[PDB]
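Structure file data19.cif; described as mmCIF, N, CA and C atoms.
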```
data_model
loop_
_atom_site.label_atom_id
_atom_site.label_comp_id
_atom_site.auth_asym_id
_atom_site.auth_seq_id
_atom_site.Cartn_x
_atom_site.Cartn_y
_atom_site.Cartn_z
N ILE A 1 95.35 102.51 92.34
CA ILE A 1 94.79 103.86 92.40
C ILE A 1 94.36 104.03 93.87
N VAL A 2 94.66 105.19 94.43
CA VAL A 2 94.42 105.37 95.86
C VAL A 2 92.93 105.30 96.16
N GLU A 3 92.12 105.86 95.26
CA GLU A 3 90.67 105.87 95.45
C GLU A 3 90.11 104.46 95.59
N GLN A 4 90.52 103.53 94.72
CA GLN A 4 89.89 102.21 94.70
C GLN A 4 90.31 101.37 95.90
N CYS A 5 91.60 101.31 96.19
CA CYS A 5 92.10 100.41 97.22
C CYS A 5 91.90 100.97 98.62
N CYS A 6 91.51 102.23 98.75
CA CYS A 6 91.11 102.80 100.03
C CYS A 6 89.61 103.02 100.12
N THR A 7 88.85 102.64 99.09
CA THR A 7 87.40 102.51 99.17
C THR A 7 87.00 101.05 98.94
N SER A 8 87.91 100.13 99.26
CA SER A 8 87.73 98.70 99.06
C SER A 8 89.07 98.01 99.36
N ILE A 9 89.09 96.69 99.37
CA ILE A 9 90.32 95.92 99.51
C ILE A 9 90.78 95.49 98.12
N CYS A 10 92.06 95.72 97.83
CA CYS A 10 92.65 95.39 96.54
C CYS A 10 93.46 94.11 96.67
N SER A 11 93.39 93.27 95.63
CA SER A 11 94.10 92.00 95.62
C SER A 11 95.56 92.19 95.22
N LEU A 12 96.34 91.11 95.36
CA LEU A 12 97.71 91.12 94.85
C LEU A 12 97.72 91.27 93.34
N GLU A 13 96.86 90.54 92.63
CA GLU A 13 96.87 90.61 91.18
C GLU A 13 96.58 92.02 90.70
N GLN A 14 95.74 92.76 91.43
CA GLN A 14 95.42 94.12 91.01
C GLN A 14 96.58 95.07 91.25
N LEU A 15 97.35 94.83 92.31
CA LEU A 15 98.51 95.66 92.57
C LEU A 15 99.63 95.38 91.57
N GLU A 16 99.77 94.13 91.11
CA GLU A 16 100.87 93.80 90.20
C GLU A 16 100.74 94.55 88.88
N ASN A 17 99.52 94.87 88.46
CA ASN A 17 99.32 95.61 87.23
C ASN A 17 99.88 97.02 87.26
N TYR A 18 100.20 97.57 88.44
CA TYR A 18 100.84 98.87 88.54
C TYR A 18 102.36 98.78 88.53
N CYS A 19 102.93 97.59 88.49
CA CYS A 19 104.37 97.47 88.54
C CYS A 19 104.99 97.88 87.22
N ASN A 20 106.23 98.36 87.29
CA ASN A 20 106.95 98.76 86.08
C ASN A 20 107.25 97.51 85.27
N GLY B 1 102.06 123.91 103.44
CA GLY B 1 101.87 123.27 102.12
C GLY B 1 101.43 121.85 102.43
N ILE B 2 101.71 120.93 101.50
CA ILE B 2 101.10 119.59 101.57
C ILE B 2 101.68 118.80 102.73
N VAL B 3 102.91 119.10 103.14
CA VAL B 3 103.45 118.37 104.29
C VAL B 3 102.72 118.78 105.57
N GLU B 4 102.51 120.08 105.75
CA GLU B 4 101.77 120.52 106.93
C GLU B 4 100.37 119.94 106.91
N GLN B 5 99.77 119.83 105.73
CA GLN B 5 98.39 119.38 105.61
C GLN B 5 98.23 117.88 105.80
N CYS B 6 99.23 117.08 105.36
CA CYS B 6 99.11 115.63 105.27
C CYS B 6 100.04 114.88 106.21
N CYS B 7 101.12 115.51 106.66
CA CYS B 7 102.03 114.90 107.65
C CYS B 7 101.83 115.45 109.06
N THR B 8 101.78 116.76 109.23
CA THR B 8 101.47 117.30 110.56
C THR B 8 100.01 117.05 110.91
N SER B 9 99.09 117.45 110.04
CA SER B 9 97.69 117.12 110.13
C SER B 9 97.38 115.98 109.18
N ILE B 10 96.09 115.65 109.06
CA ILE B 10 95.64 114.65 108.10
C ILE B 10 94.81 115.34 107.03
N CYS B 11 94.90 114.82 105.79
CA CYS B 11 94.40 115.54 104.63
C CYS B 11 93.50 114.65 103.78
N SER B 12 92.65 115.32 103.00
CA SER B 12 91.74 114.63 102.11
C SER B 12 92.34 114.44 100.74
N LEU B 13 91.71 113.54 99.98
CA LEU B 13 92.07 113.38 98.57
C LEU B 13 92.02 114.72 97.85
N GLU B 14 91.00 115.54 98.13
CA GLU B 14 90.91 116.82 97.44
C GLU B 14 92.14 117.68 97.72
N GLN B 15 92.68 117.59 98.93
CA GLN B 15 93.85 118.40 99.24
C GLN B 15 95.08 117.93 98.47
N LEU B 16 95.25 116.61 98.31
CA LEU B 16 96.33 116.10 97.47
C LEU B 16 96.17 116.54 96.02
N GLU B 17 94.94 116.47 95.49
CA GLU B 17 94.68 116.86 94.11
C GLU B 17 95.01 118.31 93.86
N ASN B 18 94.99 119.16 94.89
CA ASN B 18 95.40 120.55 94.71
C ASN B 18 96.86 120.68 94.31
N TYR B 19 97.67 119.64 94.48
CA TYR B 19 99.09 119.71 94.10
C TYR B 19 99.39 119.00 92.80
N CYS B 20 98.37 118.48 92.13
CA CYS B 20 98.53 118.03 90.75
C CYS B 20 98.83 119.21 89.86
N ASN B 21 99.50 118.96 88.74
CA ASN B 21 99.88 120.04 87.83
C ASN B 21 98.66 120.37 86.97
N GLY C 1 110.21 115.13 78.04
CA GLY C 1 110.33 115.59 79.46
C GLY C 1 111.19 114.62 80.23
N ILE C 2 111.03 114.59 81.55
CA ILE C 2 111.97 113.84 82.39
C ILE C 2 111.78 112.33 82.21
N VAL C 3 110.59 111.87 81.86
CA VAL C 3 110.38 110.45 81.58
C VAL C 3 111.12 110.05 80.30
N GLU C 4 110.99 110.85 79.25
CA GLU C 4 111.71 110.53 78.02
C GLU C 4 113.21 110.53 78.27
N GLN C 5 113.70 111.47 79.09
CA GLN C 5 115.12 111.58 79.33
C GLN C 5 115.65 110.48 80.22
N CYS C 6 114.89 110.09 81.26
CA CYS C 6 115.44 109.26 82.32
C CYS C 6 114.87 107.86 82.37
N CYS C 7 113.67 107.65 81.82
CA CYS C 7 113.05 106.35 81.78
C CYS C 7 113.27 105.70 80.41
N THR C 8 112.87 106.38 79.34
CA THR C 8 113.09 105.82 78.00
C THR C 8 114.57 105.78 77.65
N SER C 9 115.27 106.92 77.82
CA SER C 9 116.71 106.99 77.73
C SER C 9 117.34 106.86 79.11
N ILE C 10 118.66 107.01 79.18
CA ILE C 10 119.38 107.14 80.45
C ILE C 10 119.84 108.58 80.64
N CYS C 11 119.58 109.14 81.83
CA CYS C 11 119.85 110.55 82.06
C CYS C 11 121.02 110.74 83.02
N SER C 12 121.24 112.00 83.41
CA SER C 12 122.33 112.40 84.27
C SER C 12 121.78 113.11 85.51
N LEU C 13 122.59 113.19 86.55
CA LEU C 13 122.19 113.95 87.73
C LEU C 13 121.78 115.38 87.36
N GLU C 14 122.50 116.00 86.44
CA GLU C 14 122.20 117.37 86.06
C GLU C 14 120.82 117.47 85.47
N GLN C 15 120.40 116.45 84.70
CA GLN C 15 119.07 116.49 84.12
C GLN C 15 118.00 116.35 85.19
N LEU C 16 118.21 115.47 86.16
CA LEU C 16 117.28 115.39 87.28
C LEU C 16 117.18 116.73 88.00
N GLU C 17 118.30 117.38 88.25
CA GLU C 17 118.28 118.66 88.96
C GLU C 17 117.51 119.75 88.22
N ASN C 18 117.39 119.64 86.90
CA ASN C 18 116.63 120.62 86.15
C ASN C 18 115.16 120.63 86.52
N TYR C 19 114.67 119.57 87.15
CA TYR C 19 113.28 119.49 87.57
C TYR C 19 113.08 119.76 89.05
N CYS C 20 114.12 120.16 89.75
CA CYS C 20 113.94 120.71 91.09
C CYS C 20 113.25 122.08 91.02
N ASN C 21 112.44 122.40 92.01
CA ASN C 21 111.73 123.68 92.03
C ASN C 21 112.72 124.80 92.28
N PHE D 1 126.66 110.01 83.70
CA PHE D 1 125.23 109.60 83.59
C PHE D 1 124.87 108.74 84.76
N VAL D 2 123.59 108.58 85.02
CA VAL D 2 123.20 107.64 86.06
C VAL D 2 123.37 106.24 85.52
N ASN D 3 123.34 105.27 86.42
CA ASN D 3 123.71 103.92 86.00
C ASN D 3 122.57 103.14 85.35
N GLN D 4 121.32 103.56 85.49
CA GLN D 4 120.21 102.74 85.08
C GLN D 4 119.09 103.65 84.57
N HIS D 5 118.13 103.05 83.89
CA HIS D 5 116.87 103.73 83.62
C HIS D 5 116.11 103.95 84.93
N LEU D 6 115.38 105.05 84.99
CA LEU D 6 114.58 105.41 86.16
C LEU D 6 113.14 105.61 85.71
N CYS D 7 112.25 104.69 86.06
CA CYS D 7 110.86 104.77 85.64
C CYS D 7 109.90 104.79 86.84
N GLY D 8 108.82 105.53 86.70
CA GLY D 8 107.76 105.52 87.70
C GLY D 8 108.27 105.97 89.05
N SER D 9 107.96 105.16 90.07
CA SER D 9 108.36 105.47 91.43
C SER D 9 109.87 105.61 91.56
N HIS D 10 110.66 104.89 90.74
CA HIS D 10 112.11 105.02 90.81
C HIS D 10 112.54 106.43 90.41
N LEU D 11 111.89 107.01 89.41
CA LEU D 11 112.22 108.38 88.98
C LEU D 11 111.70 109.42 89.96
N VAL D 12 110.47 109.25 90.41
CA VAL D 12 109.91 110.14 91.43
C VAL D 12 110.79 110.20 92.66
N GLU D 13 111.24 109.04 93.15
CA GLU D 13 112.07 109.01 94.35
C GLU D 13 113.48 109.52 94.10
N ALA D 14 113.97 109.40 92.88
CA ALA D 14 115.27 109.99 92.56
C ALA D 14 115.19 111.50 92.60
N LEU D 15 114.13 112.06 92.00
CA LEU D 15 113.94 113.49 92.06
C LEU D 15 113.75 113.94 93.50
N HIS D 16 112.95 113.20 94.25
CA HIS D 16 112.71 113.53 95.66
C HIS D 16 114.02 113.62 96.44
N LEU D 17 114.87 112.62 96.26
CA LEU D 17 116.17 112.63 96.92
C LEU D 17 117.05 113.78 96.45
N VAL D 18 117.20 113.93 95.14
CA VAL D 18 118.17 114.87 94.59
C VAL D 18 117.77 116.30 94.91
N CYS D 19 116.48 116.60 94.85
CA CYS D 19 116.04 117.98 94.96
C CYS D 19 115.89 118.40 96.42
N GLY D 20 115.66 117.44 97.32
CA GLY D 20 115.71 117.73 98.73
C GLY D 20 114.72 118.82 99.04
N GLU D 21 115.16 119.79 99.83
CA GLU D 21 114.28 120.86 100.33
C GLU D 21 113.75 121.79 99.27
N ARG D 22 114.38 121.84 98.10
CA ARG D 22 113.83 122.63 97.02
C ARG D 22 112.51 122.06 96.52
N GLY D 23 112.29 120.77 96.69
CA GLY D 23 111.16 120.13 96.06
C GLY D 23 111.35 120.00 94.56
N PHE D 24 110.36 119.38 93.91
CA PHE D 24 110.46 119.13 92.47
C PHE D 24 109.07 119.18 91.83
N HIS D 25 109.07 119.12 90.50
CA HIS D 25 107.85 118.94 89.74
C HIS D 25 108.05 117.77 88.80
N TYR D 26 107.02 116.95 88.69
CA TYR D 26 107.05 115.72 87.93
C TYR D 26 105.85 115.74 87.00
N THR D 27 106.12 115.63 85.70
CA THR D 27 105.08 115.44 84.69
C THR D 27 105.49 114.20 83.91
N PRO D 28 104.63 113.19 83.81
CA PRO D 28 105.07 111.91 83.26
C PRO D 28 105.11 111.91 81.73
N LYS D 29 106.01 112.73 81.18
CA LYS D 29 106.21 112.90 79.72
C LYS D 29 107.74 112.95 79.47
N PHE E 1 86.63 108.55 101.90
CA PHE E 1 87.18 107.91 103.11
C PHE E 1 87.72 108.98 104.07
N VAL E 2 88.27 108.54 105.21
CA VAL E 2 88.78 109.48 106.20
C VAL E 2 90.05 110.16 105.68
N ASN E 3 90.39 111.27 106.32
CA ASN E 3 91.60 111.99 105.96
C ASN E 3 92.80 111.12 106.28
N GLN E 4 93.88 111.32 105.53
CA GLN E 4 95.02 110.43 105.55
C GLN E 4 96.23 111.12 106.17
N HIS E 5 97.01 110.34 106.92
CA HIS E 5 98.34 110.70 107.37
C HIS E 5 99.37 110.18 106.36
N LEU E 6 100.13 111.09 105.76
CA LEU E 6 101.11 110.74 104.72
C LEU E 6 102.36 111.58 104.92
N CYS E 7 103.51 110.92 105.10
CA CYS E 7 104.79 111.60 105.29
C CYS E 7 105.85 111.04 104.34
N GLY E 8 106.83 111.89 104.02
CA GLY E 8 108.01 111.45 103.30
C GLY E 8 107.66 110.86 101.96
N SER E 9 108.26 109.71 101.66
CA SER E 9 108.01 109.09 100.36
C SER E 9 106.58 108.62 100.20
N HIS E 10 105.89 108.33 101.31
CA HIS E 10 104.50 107.93 101.20
C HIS E 10 103.68 109.06 100.63
N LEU E 11 103.98 110.28 101.04
CA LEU E 11 103.24 111.44 100.54
C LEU E 11 103.57 111.71 99.08
N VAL E 12 104.86 111.68 98.76
CA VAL E 12 105.28 111.89 97.38
C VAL E 12 104.62 110.86 96.47
N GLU E 13 104.65 109.58 96.88
CA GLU E 13 104.06 108.56 96.02
C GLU E 13 102.55 108.68 96.00
N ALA E 14 101.91 109.12 97.10
CA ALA E 14 100.47 109.34 97.01
C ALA E 14 100.15 110.35 95.93
N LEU E 15 100.90 111.45 95.88
CA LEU E 15 100.68 112.46 94.86
C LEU E 15 100.90 111.90 93.46
N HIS E 16 101.97 111.13 93.29
CA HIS E 16 102.24 110.45 92.02
C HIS E 16 101.04 109.64 91.58
N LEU E 17 100.51 108.84 92.49
CA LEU E 17 99.43 107.93 92.13
C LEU E 17 98.11 108.65 91.96
N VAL E 18 97.84 109.66 92.77
CA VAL E 18 96.59 110.40 92.66
C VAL E 18 96.56 111.27 91.41
N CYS E 19 97.65 111.98 91.12
CA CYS E 19 97.65 112.92 90.02
C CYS E 19 97.85 112.25 88.66
N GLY E 20 98.45 111.07 88.62
CA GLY E 20 98.53 110.34 87.35
C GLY E 20 99.16 111.14 86.24
N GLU E 21 98.46 111.20 85.09
CA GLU E 21 99.03 111.80 83.89
C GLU E 21 99.25 113.30 84.05
N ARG E 22 98.52 113.93 84.95
CA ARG E 22 98.73 115.35 85.20
C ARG E 22 100.11 115.64 85.81
N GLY E 23 100.70 114.69 86.49
CA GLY E 23 101.88 115.02 87.29
C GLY E 23 101.52 115.89 88.49
N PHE E 24 102.56 116.26 89.23
CA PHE E 24 102.38 117.01 90.48
C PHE E 24 103.62 117.83 90.76
N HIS E 25 103.53 118.69 91.78
CA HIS E 25 104.64 119.47 92.29
C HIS E 25 104.69 119.28 93.81
N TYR E 26 105.88 119.11 94.33
CA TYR E 26 106.09 118.74 95.72
C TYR E 26 107.16 119.64 96.28
N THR E 27 106.84 120.33 97.37
CA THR E 27 107.84 121.05 98.15
C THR E 27 107.62 120.61 99.59
N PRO E 28 108.66 120.18 100.31
CA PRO E 28 108.40 119.60 101.64
C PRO E 28 108.14 120.66 102.69
N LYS E 29 106.97 121.26 102.65
CA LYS E 29 106.57 122.30 103.60
C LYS E 29 105.03 122.20 103.65
N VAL F 1 92.22 98.09 110.85
CA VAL F 1 93.43 98.84 111.18
C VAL F 1 93.12 100.33 111.13
N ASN F 2 94.17 101.14 111.20
CA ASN F 2 94.05 102.59 111.21
C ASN F 2 93.72 103.08 109.81
N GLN F 3 92.47 103.48 109.58
CA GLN F 3 92.06 103.91 108.26
C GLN F 3 92.75 105.20 107.82
N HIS F 4 93.35 105.96 108.75
CA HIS F 4 94.16 107.12 108.37
C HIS F 4 95.47 106.72 107.68
N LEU F 5 95.87 105.45 107.76
CA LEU F 5 97.08 104.97 107.11
C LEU F 5 96.82 104.12 105.87
N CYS F 6 95.63 104.22 105.27
CA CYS F 6 95.34 103.42 104.09
C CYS F 6 96.25 103.78 102.92
N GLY F 7 96.35 105.07 102.60
CA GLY F 7 97.24 105.48 101.51
C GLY F 7 98.66 105.03 101.77
N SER F 8 99.14 105.28 102.98
CA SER F 8 100.47 104.85 103.38
C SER F 8 100.65 103.35 103.19
N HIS F 9 99.66 102.57 103.64
CA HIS F 9 99.73 101.12 103.53
C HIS F 9 99.69 100.67 102.08
N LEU F 10 98.87 101.33 101.26
CA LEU F 10 98.85 101.04 99.84
C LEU F 10 100.23 101.22 99.22
N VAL F 11 100.89 102.34 99.50
CA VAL F 11 102.22 102.58 98.94
C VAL F 11 103.20 101.53 99.43
N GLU F 12 103.09 101.13 100.69
CA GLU F 12 103.95 100.06 101.20
C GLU F 12 103.67 98.76 100.47
N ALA F 13 102.40 98.48 100.20
CA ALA F 13 102.04 97.24 99.53
C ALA F 13 102.58 97.20 98.11
N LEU F 14 102.47 98.31 97.39
CA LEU F 14 103.03 98.40 96.05
C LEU F 14 104.53 98.20 96.07
N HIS F 15 105.21 98.78 97.06
CA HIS F 15 106.64 98.55 97.18
C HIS F 15 106.97 97.06 97.29
N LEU F 16 106.19 96.31 98.07
CA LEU F 16 106.49 94.89 98.26
C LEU F 16 106.00 94.03 97.10
N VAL F 17 104.83 94.34 96.54
CA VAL F 17 104.33 93.63 95.37
C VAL F 17 105.28 93.81 94.19
N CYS F 18 105.64 95.06 93.88
CA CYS F 18 106.50 95.32 92.73
C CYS F 18 107.98 95.17 93.06
N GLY F 19 108.32 94.99 94.32
CA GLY F 19 109.70 94.91 94.75
C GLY F 19 110.56 95.93 94.04
N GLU F 20 111.66 95.47 93.46
CA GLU F 20 112.65 96.35 92.86
C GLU F 20 112.29 96.82 91.46
N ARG F 21 111.16 96.37 90.90
CA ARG F 21 110.72 96.91 89.62
C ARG F 21 110.25 98.36 89.72
N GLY F 22 109.70 98.76 90.86
CA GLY F 22 109.08 100.07 90.97
C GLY F 22 107.69 100.02 90.40
N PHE F 23 106.94 101.10 90.57
CA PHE F 23 105.54 101.11 90.16
C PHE F 23 105.18 102.43 89.51
N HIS F 24 104.03 102.44 88.83
CA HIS F 24 103.51 103.63 88.19
C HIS F 24 102.03 103.72 88.49
N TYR F 25 101.38 104.77 87.98
CA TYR F 25 100.02 105.08 88.39
C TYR F 25 98.95 104.41 87.56
N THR F 26 99.28 103.88 86.41
CA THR F 26 98.20 103.29 85.63
C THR F 26 98.36 101.77 85.54
N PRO F 27 97.26 101.01 85.46
CA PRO F 27 97.41 99.56 85.39
C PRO F 27 97.45 99.01 83.97
#
```

I need this file expressed as structure tokens, please.
Amino acid sequence: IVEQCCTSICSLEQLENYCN
Amino acid sequence: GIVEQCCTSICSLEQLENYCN
Amino acid sequence: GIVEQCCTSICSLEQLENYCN
Amino acid sequence: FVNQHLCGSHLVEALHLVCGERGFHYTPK
Amino acid sequence: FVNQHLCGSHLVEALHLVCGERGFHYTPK
Amino acid sequence: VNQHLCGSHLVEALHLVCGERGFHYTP
């Protein structure tokens, strides 16, 4: 989500949950 | 439109949300 | 909508073009 | 028909490419 | 946060991700 | 880095994390 990862640093594991 | 706002200039989250359906 | 047509099923170029403005 | 399923960013970018200067509308339904 | 520079597919995908279930409309202008 | 490119960088990161699977808006 743009709000969270640009109001904080997002991990790899958190980004993988958005993958198809 | 959103390109002028976000590519030519820089834009806020609120400006992007204006193009949600 | 376009997700049902193109993600759940397989769609055609013509179906994608139906969602152009 | 297209060769594959198109989901998420793959579908958004397909519409982006195909529609070009006309632009498009995307509702995830 | 600060205002963002977004062009091309970055802008399209920003709209995809920001608007979520609502979807969005994009015209490159 | 350039905080004006955070959204851009996020989209780039999703492209590399998800590679050829593609991504969507909900986790």

Check: which chain A residues lie within 6.5 Å of chain E using all atoms listed in the file, as a tab-separated table (two decimals) with N, CA and C atoms, keeping the file's coordinate frame:
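For reference, part-v5.tsv as written:
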```
chain	number	residue	atom	x	y	z
A	1	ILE	N	95.35	102.51	92.34
A	1	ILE	CA	94.79	103.86	92.40
A	1	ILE	C	94.36	104.03	93.87
A	2	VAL	N	94.66	105.19	94.43
A	2	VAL	CA	94.42	105.37	95.86
A	2	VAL	C	92.93	105.30	96.16
A	6	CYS	N	91.51	102.23	98.75
A	6	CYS	CA	91.11	102.80	100.03
A	6	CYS	C	89.61	103.02	100.12
```

### Query
Which of chain C counts as helix (DSSP H, G or I) under DSSP, as a ChimeraX atom specification please?
/C:2-8,13-17

### Message
Using only C-alpha atoms and a distance of at most 8 Å, pull out the residues of chain F that contact chain A, as an MDAnalysis selection string.
### Response
chainID F and resid 6:7 10 13:14 17:18 21:27

### Task
May I ask for the distance between CA of residue 8 in chain B and CA of residue 19 in chain F, given in Å to one decimal place?
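CA of residue 19 in chain F lies 28.6 Å from CA of residue 8 in chain B.
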
### Message
Once chain D is fitted to chain E on all Cα atoms paired one-to-one in order, how large is the remaining RMSD?
### Response
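Result: 1.6 Å C-alpha RMSD.
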
### Query
How close is chain C to chain B in C-alpha RMSD after a least-squares fit, all Cα atoms in order?
0.2 Å

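A straight line drawn from CA of residue 3 in chain F to atom C of residue 10 in chain B is 11.8 Å long.
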
### Query
Hey, can you check how far CA of residue 16 in chain F sits from CA of residue 16 in chain B?
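Answer for the CA of residue 16 in chain F to CA of residue 16 in chain B separation: 23.5 Å.
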
### Task
Kindly provide, as a PyMOL selection string, the residues of chain C having any atom no farther than 5 Å from an atom of chain D, counting all atoms listed in the file.
chain C and resi 1-4+6-7+11-13+19-21

To test the calculation: enclose all listed atoms of range 19-23 of chain D in a box whose edges run along x, y and z, add 4 Å on each side, then state centre and edge lengths in Å to one decimal, as lines of an AutoDock Vina configuration file.
```
center_x = 113.8
center_y = 119.6
center_z = 97.4
size_x = 13.3
size_y = 14.0
size_z = 13.8
```
